[PDB]
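Labels for the chains are A, B, C, D, E, F, G and H, by order of writing; each one numbers its residues from 1.
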Amino acid sequence: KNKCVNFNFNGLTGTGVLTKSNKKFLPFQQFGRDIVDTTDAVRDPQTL
Amino acid sequence: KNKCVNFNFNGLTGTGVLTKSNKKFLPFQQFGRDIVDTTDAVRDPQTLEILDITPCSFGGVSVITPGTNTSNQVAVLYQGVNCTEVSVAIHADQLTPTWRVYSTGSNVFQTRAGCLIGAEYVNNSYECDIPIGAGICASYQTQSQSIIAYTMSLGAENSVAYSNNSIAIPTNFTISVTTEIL
Amino acid sequence: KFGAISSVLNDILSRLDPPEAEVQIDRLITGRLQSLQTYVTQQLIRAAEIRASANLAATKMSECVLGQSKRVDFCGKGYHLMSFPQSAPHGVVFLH
Amino acid sequence: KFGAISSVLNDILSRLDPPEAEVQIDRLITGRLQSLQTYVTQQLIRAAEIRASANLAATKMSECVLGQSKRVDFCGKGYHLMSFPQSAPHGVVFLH
Amino acid sequence: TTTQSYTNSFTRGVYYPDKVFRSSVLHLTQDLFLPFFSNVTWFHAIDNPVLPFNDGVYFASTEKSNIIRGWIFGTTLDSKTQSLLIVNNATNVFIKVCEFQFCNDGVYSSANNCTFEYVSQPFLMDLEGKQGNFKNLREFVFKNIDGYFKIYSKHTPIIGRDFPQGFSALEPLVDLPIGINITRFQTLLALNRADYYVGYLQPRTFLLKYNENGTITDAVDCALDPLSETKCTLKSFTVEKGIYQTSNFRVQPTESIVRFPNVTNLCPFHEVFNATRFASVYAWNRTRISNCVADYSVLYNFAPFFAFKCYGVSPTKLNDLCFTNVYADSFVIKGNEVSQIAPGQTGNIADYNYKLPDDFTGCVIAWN
Amino acid sequence: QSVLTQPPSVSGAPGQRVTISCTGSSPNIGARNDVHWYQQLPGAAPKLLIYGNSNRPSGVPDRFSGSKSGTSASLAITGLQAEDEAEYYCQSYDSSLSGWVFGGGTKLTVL
Amino acid sequence: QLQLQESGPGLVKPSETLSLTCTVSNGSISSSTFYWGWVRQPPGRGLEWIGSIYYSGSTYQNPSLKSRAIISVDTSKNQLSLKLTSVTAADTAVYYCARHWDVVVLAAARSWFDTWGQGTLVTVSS
Amino acid sequence: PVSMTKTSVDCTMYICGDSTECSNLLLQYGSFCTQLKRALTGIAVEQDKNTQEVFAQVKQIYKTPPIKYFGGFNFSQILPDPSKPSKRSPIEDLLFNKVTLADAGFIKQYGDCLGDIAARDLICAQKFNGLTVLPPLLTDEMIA
């Protein structure tokens, strides 16, 4: 975390930086997106 | 005539509406065109009468409504459309968009800009709330509530009396603070 | 996509050969370049309008605030007395 | 035609088959879209000029009509007395 | 025994079409939804008719303790095409694809060539606050896009005295690669010795207001009302007072008219057809036909032909052709000689009296 | 029970183009539902012409062409002949009634 | 080729049960792939679907005529049976047996009627 | 000048005359015409606001007294003339006459392009291609 890294989270490929988080993903939620359709958050597939 | 039809006059193909005519085609003339090269009038090849051509039904639909916080009542507008046409041409079209509507609420109030299908005309002089076009303004008013359409009022009617020896001079004074945002 | 295989440059470069995907990426470049030109032109128009309003605001400040303006219906409706400016996000507000 | 078989969309769609007339209709679309963008940009320029003139006319009305303007050579040549507005199609006319 | 009463659905049956997180967003989706304020077939239970299944189905029911076990899916529900079953037992689900034959009531009697048994936590959760008045209403939405059965459910706690008007979203439960087509859809019953709402989905364009935490607060359509349309096309849930432009209003032409000139210009076809002295084959009279309109109805109505064959043109396609010149050779001839006259023929007539060239563009007419 | 609206009658000259239209309500028949077209000679059984909004069975002439867009659906006839006069029907599936519905029936007259 | 032969009393007095039956030739009613159904058309009106029925016993059925129409099928004699009760003056029509609604691949919205009977003109009079 | 004619160009009609294939090709080009419609609407509102600001500077509509003797100053020419049905001054009349508009806009020229015989002038031709104009909110009488 906290470093410019390349990620391939469970089929999502891109470049970015990561850190801990403090909002409230629903249990069934897996992904992140926004108003203008850009991926923000990915649930850790091995830590939830 | 007087209906949105498809025509194939003597080799000329297009869509339009027709009626009788009152100008003076020369005997050898057969066809019609204009400055920017658009076909207007086609002589009837079996009557030697002149008929003309107009784009089918062009228009633009607009919705006038008070704030959704106030009411769900809306009145619909069709820009620049004679509103026998909207009513008879509702059938046999798409229905989700290209609004169907069954014209019920004091409809076909044919204005100079279109017709409010869902609003009632009235003769008053309220201020404009929702400008419409060609000096028409709609407003949500309590009847017990409905959307009315009325002609613009330019303000409260007033008239000073200019008299050769009349002067009016204020005796008191007020201070006001407006606001300008730039 | 503007009329290409896909709007994802990374997807298309790794899905087709270079010499033939060149046409698709070139039409991508043309589309996005036209889009950016439209953006910059519209922003120049906005800049011109904003600069006109900024000149109006500067004149309004220099007249109404730093003195009394005899111009009728310039610094507020009616005969004018003062004007107190206030700051706002990307704008200014007067109290005529 | 902008570089197509014909400038008549109805003629070209019914004279060539879809998958190959697609290039011709796409380039038709590009040509007419660029022309429409030119039209809207030129109309925005006209709108800016017209709005500048409308602001000038509004200021001229508010100063010369609703009062006497001490600004020399603003409301007519010379020392100014009144100004009577008159209406015109898409414009206004004064009598300084 | 069952009834088919009809009731209004109000706003009901909106789920999360996706898996992605959104906060304070007004995202707009075009997925299969149950239309707002659409009638839904309300059933009754006291035999279990097979309902359709097209592009999904919305299922909702309320019961005191248990009367519903599961649903049966698939086509033809027999041992000729693969089937499906979601029977829910005491504390587990029995999801499986198979080729069940028939029960009419310990529910299937055949398991030939079938697999994909699935077991998880039970679908139907029942909780009571020490009282039977708490009758939870369970909603389900099934659909079968690209295989991949999806089931969404949430058990609302609203008493069940009537169909609620409040908004309740739908959280996905399972998503499994079933891989078989589903068209028919039944339901099972129970045994211990005002329910059964069903609606159908159709593609529609909605507008969903995602909450801060990802829950759904409210949603509107843009195929129901003009207000809903402007609210959908001006993406927002509160529309300020004013005028708005949504779309364009067109009218297609009703009827198509064509109008060709008053021309009659009848050809001399009548003169040849109403002639009497038809010259013999050895001297075939050739009549030149020009500067006239070749109407074939005057030919059809004057002679009950016995041989109207055509070579270079279609006999039906003669009104819509323009010919530079037409030649009519007429001669009275015998019976077999009629069929003798043809391109690429031979005989005492085709070689010595009248020969038809191989590349002939026209038609022949023979009437007794 | 006529959720699909059809023109009572239509007419045209032989060998010309005529268009027959069929539309339904919004909460009723939707975008996914498809519209089929049936021809009924007087005193005979209805005969199929176009199914799937663009497909025809074997033996149906290519002259009959139809299309469906959104909810509205329509037919196009080219080369009208005296044999084409018949009772035409539009039919599709109503999701609210869970059962098929039929149009009112249009009268095609050859002039 | 698939043929349908349906018969019934063309005259029925008001207010009792009306009954017709279709016959399938060059085919089998046991064919699981397709459905089978009845369509009635009053004179001077449009076609109207009265119900469709599967070989097993599952029945499509129009809710408007829920309380009056009973449809039964038998696979032994290849007979499609239709019953109608409480017949009144509004039920004068010509009835057709129809085959439609393929089950294997098409869905219930894309189903089109495919095979039609010759029709029986049935009236009610006093 | 105070404003120009308000135009309401629509991309679908202009670039794809009643052709679904062309419409799909345009849709492939993305939302390149929503901004065009928005810009046209914006300029329309801008002219409406321009004329409102220029003319409607007064809250209350005044009227001249029944008699008109302003100390020998003979306005007449600029004051409204009730005999004329438009209630306009003679100078306003000359200004109206001296200016010829190809597009009046508030004529609803539908119904006469189908009865025009002569050239389908600028306006009917523009209608032919999907090019429309709107009527100004302040009609030519109330401005007077």
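Worth a mention:
In the analysis below, contacts are C-beta pairs under 8 Å (C-beta built on N, C-alpha and C of every residue); 3 or more make two chains touch, one makes a residue touch a chain.
For chain H, the chain whose average C-alpha position is most distant is G. Across B-E and B-F, the chain pair carrying more C-beta contacts is B-E. Distance between chain A and chain B, defined via averaged C-alpha coordinates, is recorded as 53 Å. Separation between the centroids of chain D and chain G, computed from CA atoms only, is 68 Å. Spacing of chain F relative to chain G, judged by their CA centroids, is 22 angstrom. Taking each chain's centre as the mean of its C-alpha atoms, chain D lies 13 Å from chain H. The set of chain B residues that touch two or more partner chains comprises 6, 15, 58, 60, 92-93, 96-97, 131-132. Residues of chain G in contact with two or more other chains: 61, 63, 108-109. Of all residues in chain F, those that touch two or more other chains are 17, 26, 31-33, 69, 93, 95, 98.
Under the contact rule stated at the top, the pairs of chains that touch are A-E, B-C, B-E, B-F, B-H, C-D, C-H, D-H, E-F, E-G, E-H, F-G. Partner chain F is touched in their complex by these residues of chain G: 45-49, 60-64, 96, 108-114, 116-119.
For chain C in complex with chain D, the residues that touch the partner chain are 3, 38, 41-42, 45, 48-49, 52, 56, 70-74. Per the touch definition, chain H reaches chain D in the complex via residues 1-5, 7, 9, 11, 14-17, 19, 21-22, 25-26, 29, 32-33, 36, 39-40, 43, 46-47, 50-51, 53-55, 57, 78, 88-89, 91-92, 95-96, 99, 101, 140, 143-144. Across the complex, chain E is touched by residues 3-10, 15, 44-46, 56-70, 72, 74, 76-78, 81, 85-86, 89, 92-93, 96-99, 101, 129-132, 140 of chain B.
Contact residues on chain D toward chain C in their complex (touch as defined above): 26, 37, 41, 44-45, 48, 51-52, 55, 59, 62-63, 66-67, 69-70.
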